[PDB]
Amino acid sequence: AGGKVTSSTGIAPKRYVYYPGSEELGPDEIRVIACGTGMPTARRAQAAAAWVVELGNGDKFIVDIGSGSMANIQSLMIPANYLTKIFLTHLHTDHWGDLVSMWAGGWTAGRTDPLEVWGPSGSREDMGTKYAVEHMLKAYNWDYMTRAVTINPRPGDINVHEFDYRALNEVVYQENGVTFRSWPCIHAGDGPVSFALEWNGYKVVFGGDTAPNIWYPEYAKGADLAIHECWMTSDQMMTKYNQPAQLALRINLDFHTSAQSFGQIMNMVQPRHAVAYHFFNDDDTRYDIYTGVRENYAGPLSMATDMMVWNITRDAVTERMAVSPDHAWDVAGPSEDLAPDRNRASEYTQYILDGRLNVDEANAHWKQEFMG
């Protein structure tokens, strides 16, 4: 498997696994990493929905950042300054729960710029992305204020770009040769969208969540990589959640995209490569889902799980697994020492600072060796 090894002390070429941080990205290349593929029910094997897109022109994007996904993002060895642009398909916790963790961790770990967040509006102000992030920053005000005591607050801001969720395939970002368009999803209530990323002859579609709709098959047509929700079977709903049959059947027809519907949809789209996600990917669930899909779609398919990676180039769309460090660490970026705002008042009161314990004797031994 992998490229032929030509040499005893050299590097193995075209490796059968993707080791994050080991492979340069070609100027006509895209890398997409599934940093979460699961559900609002949490699990070590699957973080909630998250995707990292890396373009050969050096731009990077996170599309969705659900609960748990930061552990996988952080295993990528990408500096925090290269991941400042996040697109949200919808405001479910399994699609933006870890925004706070990228916000606070990336700032404790030297992001110098503010985060930038694109997400949809709702039917009214309290149902949209601008309200959502504004209240998230208030929810975390203690964190924000205490950390801004010692770190310039500028990376602590979130610049929100809200767009009309009703818009049919309209441009929502246009920068440095890169476009995103959105269209609507049919999912729990008005607001949710899917995205298409256009750059340099490629199209990458992030379906978010939806029941099957008329918009996706139209605006996703001919994508290099087409991502779409694909649900657990009605039999699995009966077995895993003890649903009675009526309600089990309806989940796969009214509320979600069935495996058989996902097949219908990607048959219409004819992408280079289709990606099914948002099911629990276990030894007793996956096979009936892949069969549901094969009933109607025959093209190349990935059955997504965490740390699956796609390399998009002119000749091929290639699926591999990323082999990344469980014991992850922050990895430094180029950026320069950004200064705290020393007008910032302390958030301690003297009542608390009065309780400091004297540990001089306990610490003298290691201090003296370390200062030596």
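A residue's number is simply how far along the shown sequence it sits, counting from 1.
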On average, are the C-alpha B-factors higher in 132-140 or in 194-202? 194-202
Going by the mean C-alpha B-factor recorded in the entry, which is higher: 247-255 or 205-213? 247-255
Per the entry's Cα B factor values, which of 230, 301, 268, 149 stands out as the maximum? 268
Would you mind checking which of 93, 112, 285, 89 has the top Cα temperature factor in the PDB entry? 112
Can you work out whether the C-alpha temperature factor of residue 97 puts it in the lowest, middle or highest third of the chain? lowest
Could you say whether, by C-alpha temperature factor, residue 312 belongs to the lowest, middle or highest third of its chain? highest
Among the chain's modelled residues, which third holds the C-alpha B-factor of residue 103? middle
Is the Cα B-factor recorded for residue 21 in the lowest, middle or highest third of its chain? middle
Comparing residue 278 with the other modelled residues of its chain, is its CA B-factor in the lowest, middle or highest third? lowest
